[PDB]
Structures are given as C-alpha cells and as structure tokens.
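> Sequence, then the experimental structure. Questions to follow.
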Amino acid sequence: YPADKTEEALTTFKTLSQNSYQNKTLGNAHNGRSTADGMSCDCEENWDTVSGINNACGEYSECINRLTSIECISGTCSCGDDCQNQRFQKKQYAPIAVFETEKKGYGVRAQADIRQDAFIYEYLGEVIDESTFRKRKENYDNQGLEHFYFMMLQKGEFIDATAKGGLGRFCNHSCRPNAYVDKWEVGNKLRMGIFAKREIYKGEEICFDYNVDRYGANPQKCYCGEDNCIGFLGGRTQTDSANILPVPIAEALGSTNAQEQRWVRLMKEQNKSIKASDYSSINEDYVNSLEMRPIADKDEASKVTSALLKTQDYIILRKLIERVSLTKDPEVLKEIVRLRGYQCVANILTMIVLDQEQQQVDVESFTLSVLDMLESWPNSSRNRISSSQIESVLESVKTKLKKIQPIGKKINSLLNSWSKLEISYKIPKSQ
Amino acid sequence: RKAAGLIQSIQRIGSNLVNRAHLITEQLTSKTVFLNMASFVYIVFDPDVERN
Amino acid sequence: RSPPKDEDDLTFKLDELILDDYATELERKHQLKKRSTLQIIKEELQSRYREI
Ligand SMILES: Nc1ncnc2c1ncn2[C@@H]1O[C@H](CSCC[C@H](N)C(=O)O)[C@@H](O)[C@H]1O
Ligand SMILES: [Zn+2]
Ligand SMILES: [Zn+2]
Ligand SMILES: [Zn+2]
C-alpha cells in the first residue's frame, strides 16, 4: 500500500492536544449561560474489579446524557469517575494513519477496524470570532491556499485548522462519506467530534461530508471518485432560482444562471409550482421553454458530452440534439468525435427507440431529429464509428421500426455513406 | 559556451525546467540545437507530484 | 492505479507487441526507418534511463 506520511503531515502544523480559545467568552455552552444545575446522569458506577475500569455510561448502557450528546463530568455525576462517557476529555481517539492517493493530498486511513457509531477523532483548532475569521480568510486567499480549514462551531463562532489543530484536518470530502461530524456538549463548552456512520475496516480512508458554505467563493471540482458525486464542492444554494438542472447539464443546454433565474422568477413568484432544488426529477416544461443557440466552444462540447453520459431524460436529450442541429462549427464536431459523441448517441437512441417509455410518433420525430446531424457531421474514417459501433444500433432500430419507412431510408443513406470511409491500423499482438 | 548561456537562461526563468518543449517555447535554444540535445537531457518525473 | 500481483507496472505487456509489422507499416505509410526506434522505446519504457 501507499507509504505512511504521518510524521511528515504532523510537521506541517502545530499539533494541539485540545482546542484553543481566542478568549474565555467564546465557545461556552448555552451561549455562555452557566447551567449551575448541570445535567447529572442517574447511572450507578459499574466498576469491574478485575480490570479496575468503571464500565458505567457505556455504549449499550442507558445513560441519558450520552443519548443527549452530553459528557459526564467527574465529581458531579452519579456515574463516578472514569466512566465510559468521557471520550472527549480522555481524548481516546481511534488509531489512524496519514497517506496519499489519486488527485487528493494527505488523507486519513483507519489503522484498525472501527465499529459503527464509534468516536473516531475530535476536530481540533483555534476558536475564533467572525472578524478574526474574515481576516484569516482574506490572508489565506492572498496566500493562494487551495484547501479548506474552517468549520462552523456555531453561529458567529468558527474553528480554524490551518496553523494549529489535529489530524482531522487531513480528512477529505466524500459525496458518500463513511463518517460524519456531530456537535457535543462537554461541561460548559461545545465540541465537534467525528463519528463512524458505518463499519469501517483497516486501511480504508476516513471521510466526511463537508457541506461547505462558499460565502461567495468559486466552486472547486470534486475528485472523490464516488459514483454519486455532484462534481463540485458546495452545499445548499444561497437562494432559490439558482439551479433547476446540474451546471454541466444546464450549460450543455445553453442555459446559464440568468436563464435558470428567469423561469423561476416568471412562474414561482406568480403562483405556479416549482419544486425545491433536486436534480433527480427533470422538469420537462423548463427544458421545452429553454432557448437554444449554436455551440462554438469545445468546453461546451465537453459539457454536452457529459450531459449525454449522465442525463436519462428524453426531453433534455431532445433539446440537446436540437441544439446540435443548430450547431454547425466543424471544430466542435471534431471535438465531439474525439469525445466519441457517437458512443453517447448510441445509448441515447437505445433508451428511447429500443426501450419504450414514450409514444411511437414522438419517438419517430426524435429519430428524424437525431438522424440529421449524424448525416451532416464531417467523417473521414470508419475508425471514428468503430469506437461506438453505432451502425449496429441503427440496424436494430431500423429493424424494430420497419413500418416507419422514412427512418429506414434515412438509415440506409447513412450506412451507405459511412460504408465507403477509410480504416486505420492496430498493432498485432503475439499469440 | 552554449551550456553557460543555457544555465544562465534557466537561472533567469527560475532555475527549474518543467518540460523539454520549454527549450523552444521560451526561446532558450534554437531549432537544430534543441533537435540535437532534446533526448540527451532529461527531467526527473515524480508520479506523486504529477497526479494529472 | 491498481497493479497486478508481483508487477510494479503494466510495461510487461509491451513484449506481446509485434514491432516488425508496426515498422513495416510505418515504412509503407510515412517512409520512416524506425525499427530500432521501437526497440529503444520499448527498453526505455520498461526501465526509464537504465545504466548503460
Ligand atoms: N475529494 C476531494 N477532491 C478534491 N480535493 C479535495 C477532496 N477532498 C478534499 N480536497 C481538498 O482538500 C481540502 C481540505 S484539507 C485536506 C488535507 C489537504 N488536502 C492536505 O493534504 O494538506 C479541500 O479544501 C480541497 O482543496
Ligand atoms: Zn451516565
Ligand atoms: Zn458517566
Ligand atoms: Zn464528490
């Protein structure tokens, strides 16, 4: 496996055993209202005489304070000293190591198998106010740092892990994380712990959801590798009307922040229903009402290819194919060929005219609207097609819809045109 | 003489040569001299540094 | 990113290539004599900058 980088990671910052405070007023529980009647659990101390360990307030015990995310304090609770609900104070962190893989920096891995709901590691840092946070953020942006190191302890109170903190700062974002951050009360103070969402084995990376507020900062692309990745690091939108479809997909359709604003502003503010921000359900009316302009940028072509590889909706694919019909720039088409647009168009065909979630007349209109640019694009070799074998799909769909003779004749012309093109070499291999 | 000029040019640009093509794009060397010397000077590649 | 059992890298698959047919096709298409160059590329790919 990857080489250990634990000491090298430790040397990059001032290691802390506990959270540091800018002042004694910050970080106090109940907004500084000292609960003199501290919540004392009614647990009886359970001392195992063999090991001398106080087993009270354990994981499978019925300690009320543990359920309510409050730690027992020695000398005040009936559970006695050294109970099993002093995890933050005793600093009983899980054993972890630091390593590096993929496009990520340093990352945290489990040195041992960790149970579900087990406390992993206490996020450490300096407790700071809002103005100090703004000053440090401006300084780091001037320094060009490309890493988040701020977490919101609570309203108006943040934790900075840049110069001083703990191993938890090296945990990387995952869109399907195995751990999560939670807020707990220890004495008259507030702590942020990290707990295991599931069973984690040795060697596996430990990750948590950042749910990051950008505060107007630019998006950063997410390289977590999870299948459910949204592609960028963020959280909830700063207001409604901000997105209706995912960016790459929205920009593939020619839509931008203004066009996504305009639809919601025209209907939602005038007593017509638009659901919350969720891309699992496509709103066909927005896609139909969207305006379409020809593509002349290769990054937009890459976004179109990503939308083809991602979106399953019939209407979004219809409007993307219509936009491609408007598009006539040869360089963008050559880029789409390099991106293997034929491969995506094969699946787009298959989902609509082999799988039947729609009506035959509308599918016929779709097929006539998608054969045209296939007929129009520049082609110079069958090796372009060989990366997709879309001809096979064309044969299957002309055979299925044999009653619709215009589609069959167009596919005849298309395969006749493609049959005459040249071929390119593949090195023979020993046998 | 060409070696000393090359060393001085590299020290001007930043004492680090990222790519072989920078001997032409940065005007450090001429066409035929680069064509001769391109495959005999090398830049050590560390995969951990270049994830892309 | 996931090397097989007891192999550092996928450079061992180069030994299945038929370099002779590739050199023949290069000579036909582009009139380039590159038969020794394919061997040099293969050796360098299998071990970058050996001690010769
Ligand atoms: N899944 C991911 N993909 C890309 N960058 C990630 C990432 N998870 C974390 N990061 C990066 O890591 C930052 C958090 S700090 C994590 C430790 C740091 N990468 C280091 O090795 O020093 C994020 O702001 C982001 O820049
Ligand atoms: Zn208790
Ligand atoms: Zn207790
Ligand atoms: Zn992700």
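Great, that's in hand. Residues are numbered from 1 along each chain as shown, chains lettered A, B, ... in the order given. Ligands and ions are numbered 1, 2, ... in the order given.
> Now do the helices in chain B.
B:2-13, B:22-25, B:31-37 (DSSP state H).
> Can you give the distance from the shortest one to the centre of its chain?
Mean-position distance between helix B:22-25 and its chain equals 7 Å (Cα atoms, centre = their mean, to the nearest Å).
> Would you mark the buried spots in it?
For helix B:22-25, burial by neighbour count (16 or more other Cβ atoms under 10 Å in any protein chain shown) applies to B:22, B:23, B:24. Placement of C-beta: from N, CA and C, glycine included.
> Please report the distance of the closest residue to residue B:33 other than its chain neighbours from ligand 1.
Take residue B:33 and drop its neighbours on the chain: the residue closest to it by Cβ to Cβ, 6 or more residues apart in numbering or on different chains is residue B:2, 6.9 Å away. Applying Cβ to the nearest ligand atom, to the nearest Å, the value for residue B:2 to ligand 1 is 42 Å.
> ok now do the residue of chain B found nearest chain A, which residues does it touch?
Going by Cβ to the nearest Cβ, chain A is nearest to residue B:51 of chain B, at 4.6 Å. If you count contacts by Cβ atoms under 8 Å, 6 or more residues apart in numbering or on different chains, residue B:51 has them with A:102, A:103.
> now do residue A:333
Counted by Cβ under 8 Å, 6+ apart, residue A:333 has contacts A:327, A:377, A:378.
> Just give me the neighbour total for the first one.
Under the neighbour criterion other Cβ atoms under 10 Å in any protein chain shown, residue A:327 is assigned a count of 21.
> check contacts around it.
Per Cβ under 8 Å, 6+ apart, neighbours of residue A:327: A:294, A:295, A:296, A:333, A:373.
> out of the helices of chain B, deepest packed?
Using mean count of other Cβ atoms under 10 Å in any protein chain shown, the stretch among those with the largest mean neighbour count is helix B:22-25, at a mean of 15.
> just to revisit the earlier point, return the distance of the residue of chain B closest to chain A relative to ligand 3.
47 Å (Cβ to the ion, to the nearest Å).
> Disregarding flanking residues, what is the spatial nearest neighbour of the residue nearest to the spatial centre of chain C?
Geometric centre of chain C, nearest residue: residue C:42, 2.7 Å, by Cα atoms, centre = their mean. Excluding its sequence neighbours, the residue lying closest to residue C:42 (Cβ to Cβ, 6+ apart) is residue C:14, at 5.2 Å.
> burial count for that neighbour?
Residues near residue C:14, counting by other Cβ under 10 Å: 14.
> same thing with residue A:379?
Close neighbours of residue A:379, defined as other Cβ under 10 Å, add up to 17.
> Please apply the same query to residue A:287.
Using other Cβ under 10 Å, residue A:287 is surrounded by 23 other residues.
> And stretch C:4-22, what's buried?
Quick answer for stretch C:4-22 (16+ other Cβ under 10 Å): C:19, C:22.
> actually stretch B:15-22, sorry about that
Neighbour count says stretch B:15-22 has B:17, B:22 buried, by 16+ other Cβ under 10 Å.
> ok, now stretch A:287-298?
A:287, A:290, A:292, A:295, A:298.
> go on, stretch C:35-46?
residue C:38.
> now it, how far from the centre of its chain.
Distance, centroid of stretch C:35-46 to centroid of chain: 5 Å (Cα atoms, centre = their mean).
> how much space is there between residue A:55 and residue A:87?
14 Å (Cβ to Cβ, to the nearest Å).
> same thing with residue A:174?
24 Å.
> Could you list the alpha-carbon positions for the helix or strand in which residue A:373 is found in CSV?
If you go by DSSP states H and E, residue A:373 is part of helix A:360-376. Taking C-alpha atoms only, helix A:360-376 is exported to CSV below (Å, rounded to 0.1, in the frame of the first residue of the first chain):
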residue,chain,number,x,y,z
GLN,A,360,-44.2,5.8,-31.3
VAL,A,361,-45.0,9.0,-33.2
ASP,A,362,-42.9,11.1,-30.8
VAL,A,363,-40.1,8.6,-30.9
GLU,A,364,-40.3,8.8,-34.7
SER,A,365,-40.0,12.6,-34.5
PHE,A,366,-37.0,12.2,-32.2
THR,A,367,-35.3,9.7,-34.6
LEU,A,368,-35.9,12.1,-37.5
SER,A,369,-34.5,14.9,-35.4
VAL,A,370,-31.4,12.9,-34.5
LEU,A,371,-30.5,11.3,-37.9
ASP,A,372,-29.9,14.7,-39.5
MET,A,373,-26.7,15.8,-37.7
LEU,A,374,-25.4,12.3,-37.9
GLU,A,375,-25.8,12.7,-41.7
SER,A,376,-24.3,16.2,-41.5
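> residues of that helix that come out buried?
A:363, A:364, A:366, A:367, A:370, A:371, A:373, A:374.
> and if you look at stretch A:111-126?
Neighbour count says stretch A:111-126 has A:114, A:119, A:120, A:121, A:122, A:123, A:124, A:125, A:126 buried, by 16+ other Cβ under 10 Å.
> Please see if that stretch touches ligand 1.
No. Judged by Cβ under 6 Å from any ligand atom, stretch A:111-126 stays clear of ligand 1, getting no closer than 12.0 Å.
> State whether residue A:303 and residue A:254 are indeed in contact, as I suppose.
No. The criterion here is Cβ atoms under 8 Å, and residue A:303 misses it with residue A:254 at 10.2 Å.
> Much appreciated, bye for now.
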